[PDB]
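Enquirer: Protein chains in written order, with the deposited numbering: chain A, 292 to 357; chain C, 292 to 423; chain F, 1 to 12, 26 to 53; chain E, 1 to 259, 263 to 318. C-beta: ideal position from N, C-alpha, C; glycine also.
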Amino acid sequence: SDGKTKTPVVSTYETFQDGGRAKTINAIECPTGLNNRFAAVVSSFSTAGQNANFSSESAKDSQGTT
Amino acid sequence: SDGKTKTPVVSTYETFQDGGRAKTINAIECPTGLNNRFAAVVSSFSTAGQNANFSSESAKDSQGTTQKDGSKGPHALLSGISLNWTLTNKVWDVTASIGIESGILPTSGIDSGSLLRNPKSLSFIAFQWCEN
Amino acid sequence: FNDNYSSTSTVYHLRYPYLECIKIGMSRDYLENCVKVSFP
Amino acid sequence: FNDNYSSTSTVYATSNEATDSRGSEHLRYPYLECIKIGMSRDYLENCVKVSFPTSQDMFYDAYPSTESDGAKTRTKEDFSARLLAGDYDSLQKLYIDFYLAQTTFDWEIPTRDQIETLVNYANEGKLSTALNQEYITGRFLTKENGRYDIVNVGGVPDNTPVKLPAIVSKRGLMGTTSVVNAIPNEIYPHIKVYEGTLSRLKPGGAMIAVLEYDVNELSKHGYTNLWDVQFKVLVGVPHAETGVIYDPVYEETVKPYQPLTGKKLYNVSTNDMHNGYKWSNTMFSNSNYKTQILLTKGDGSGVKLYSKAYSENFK
């Protein structure tokens, strides 16, 4: 695509687990001569901080701000 | 990709129609042995609730937040946005909620309490693909 | 979000004693004495 | 986002508090209340210089009642909680910046110089009753140029809870500059004098030294631009409690010219040569005198960093 060789973008639905720890997602194995790319984009959010469970694609539990 | 078979992701520009009713988007037909996936991501938004038209990719109409007396005021401040989707018989049913400052919205209606339910003041990009 | 969602929000006499001093005849040119001497 | 991120809010901001007050509005305000909690009429000039005791419900009469439409949760309990939790910023933004009562506008946390006056006024019975007792001993919140400090009156233990019994008028309450009652927290940086045939503090000439400061502890006290500096040298009897020569018999400002490793160094050369020798003629005119070096920002601002009050030959 426009002189650059690319692989198709593939997607996963992710939320952070308890502990406020960074979320680790394993990088896809790139073919010989290509390097990994990544982008995170906002889907759902609230200001609950730790008082929430957004892991269901169909509903969002938001219990308010600490 | 990493042992799993996938189809290319395809994208659509979506807005809710006025009336606060959920958005119906048809699920792509998946090859035999693969299952449907869906994701909605935020493009444009405001706290206008029902007083907006984001259906144009090139401009955004935002008329402000609904006040308790029904009149149109300024845009209230925002606290959260939820994008929810459920696949049911070849149809992805999309629901949304925009969280704004309370004590501004009327007691009843589409935009009430602290929530703008399935608002027109929201544009999301719908991605579909299949995987095993 | 369910209907329990709630957020913070931004929203939910005065001429004493100088009026009295003028009313019982103190001139505005010398109103500085209004707080220095009591009513009769 | 990094930890310096901060935002506006609805709880310690404007637009919430309305033109109302849970206290009684009358024509004997605020002097009737001042006398009623024990301020003597002989010292009623302080009625507008110091607030009602933060320990009593009357202090909070100024705010809209917590049950009326739109009021912030402001009570003597919420005040004490934030106080003992160390949330001094929320106190400044939620309570202090919005007190605005007793016909006085410049309400602030007392300075170290102002607590010194408050202790003298408390002992002399010139305050309200609850504060005439409160400022006798204890640990008190102070604030100098946007910086919080705890001062100690009477040498109380270090684990005594922090006390902010009242806020004061920034300019109306006159501070006392002498350090007697309220003992502060002066900072002494770990520094090496290189000595040898270099640093010299002996009678008969100019005093020169060459110190060396550490970068990591300069950045802890607001010194990251290691050339935005200036130096002061003091001569006299240091304070018996903190060690600073607060009123030196001889004060001298000098500017440095140094440029090494994971630390940076700075010089110092007194101008005692080619003018009056009198630095050594007063430093060594009394055996109890000592020489102390102080570091400030270029214009005299910043956390004051002090060296030891040295005897002859840096002893």
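Since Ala122/E is in the alpha helix (DSSP H), which residue starts that stretch and which ends it?
Expert: Per DSSP, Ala122/E belongs to the alpha helix (DSSP H) from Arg112 to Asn123.
Enquirer: What would DSSP say about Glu45/F, mapped onto helix, strand or coil?
Expert: Reduced to three states, the DSSP call for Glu45/F is helix.
Enquirer: Please list, in chain order, all residues of the same chain as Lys266/E whose beta carbon is under 7 Å from its beta carbon, the five residues on each side excluded.
Expert: Cβ neighbours of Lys266/E beyond the five flanking positions: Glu212, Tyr213, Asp214 and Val215.
Enquirer: Compare the Cα-Cα distances from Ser334/A to each of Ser373/C, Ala367/C, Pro322/C and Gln358/C and report the closest residue.
Expert: With distances taken between Cα atoms, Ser334/A lies closest to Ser373/C.
Enquirer: So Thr338/C and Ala313/C are supposed to be a Cβ contact under 8 Å. How far apart are they, rounded?
Expert: Incorrect: roughly 20 Å between the Cβ atoms, too far for contact.
Enquirer: Between which two residues does the alpha helix (DSSP H) carrying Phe415/C extend?
Expert: Where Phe415/C is concerned, there is no enclosing alpha helix (DSSP H), although the beta strand (DSSP E) it sits in stretches over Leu413 to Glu422.
Enquirer: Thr176/E to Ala312/E, Cα distance in whole Å?
Expert: Taking the straight line joining both Cα atoms gives about 24 Å.
Enquirer: Identify the contact partners of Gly70/E in chain F, using a Cβ-Cβ distance below 7 Å as the criterion.
Expert: Within 7 Å Cβ-Cβ: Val11 and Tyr12.
Enquirer: Which class does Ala343/C belong to by DSSP, given the choice of helix, strand or coil?
Expert: Three-state result, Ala343/C: strand.
Enquirer: So, does the CB of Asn120/E fall closer than 8 Å to a CB anywhere in chain F?
Expert: Taking Cβ atoms only, chain F never reaches closer than 8 Å to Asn120/E, which makes this a no.
Enquirer: Are the C-beta atoms of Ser90/E and some chain F residue less than 8 Å apart?
Expert: Answer no: the Cβ-Cβ gap between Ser90/E and chain F never drops below 8 Å.
Enquirer: Using C-beta distances below 8 Å, list every residue in its chain close to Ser90/E, excluding the 5 sequence neighbours before and after it, in chain order.
Expert: Closer than 8 Å at the Cβ level, and outside the excluded window around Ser90/E, lie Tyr12 and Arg82.
Enquirer: Under 8 Å Cβ-Cβ, which residues of chain E neighbour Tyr5/F?
Expert: Result: empty, since nearest Cβ-Cβ is about 16 Å, beyond 8 Å.
Enquirer: Report the residue from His277/E, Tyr257/E and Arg147/E whose alpha carbon sits nearest the alpha carbon of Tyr269/E.
Expert: The residue with the shortest Cα to Cα distance from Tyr269/E is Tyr257/E.
Enquirer: Using a Cβ cut-off of 8 Å, pull out every chain F residue sitting near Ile391/C, in sequence order please.
Expert: Ordered by position in chain F, the residues that pass the 8 Å Cβ test against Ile391/C are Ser7.
Enquirer: Based on Cα-Cα distance, which residue from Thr298/A, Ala331/A, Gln308/A and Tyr304/A lies nearest to residue 286/A?
Expert: Outside the displayed span of chain A (292 to 357) sits residue 286/A, for which this structure offers no information.
Enquirer: Going along chain F in order, which residues have a C-beta closer than 7 Å to the C-beta of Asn16/E?
Expert: Neighbours of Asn16/E on chain F, chain order: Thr10.
Enquirer: Using CA coordinates, which residue listed in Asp113/E, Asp158/E and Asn159/E is at the minimum distance from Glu144/E?
Expert: Ranking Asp113/E, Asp158/E and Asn159/E by Cα distance to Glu144/E puts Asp113/E first.
Enquirer: By DSSP, does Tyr12/F sit in helix, in strand, or in coil?
Expert: Looking at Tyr12/F - three-state DSSP - the assignment turns out to be coil, as it is neither helix nor strand.
Enquirer: Skipping 5 residues on each side, what residues in its chain have a beta carbon closer than 8 Å to that of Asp309/C?
Expert: Cβ neighbours of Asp309/C beyond the five flanking positions: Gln341 and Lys411.
Enquirer: Using the rule of at least 16 other Cβ atoms within 10 Å of the residue's Cβ for burial, across every protein chain shown, is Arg408/C buried or exposed?
Expert: Buried, by the Cβ-count rule.
Enquirer: Name, in chain order, the residues that DSSP records as bridge partners for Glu305/C.
Expert: Paired residue(s): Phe415/C.
Enquirer: Which of the three DSSP states is assigned to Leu83/E in this structure?
Expert: Of the three classes helix, strand and coil, the one that applies to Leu83/E here is helix, per DSSP.
Enquirer: Any residues in the region 39-59 of chain E with a beta carbon nearer than 9 Å to a beta carbon of chain F? Which ones, in chain order?
Expert: Residues: none.
Enquirer: Using a Cβ-Cβ cut-off of less than 7 Å, list which residues of the region 394-414 of chain C approach chain F; keep chain order.
Expert: The residues in question are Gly394, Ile395, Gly404, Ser405 and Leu406.
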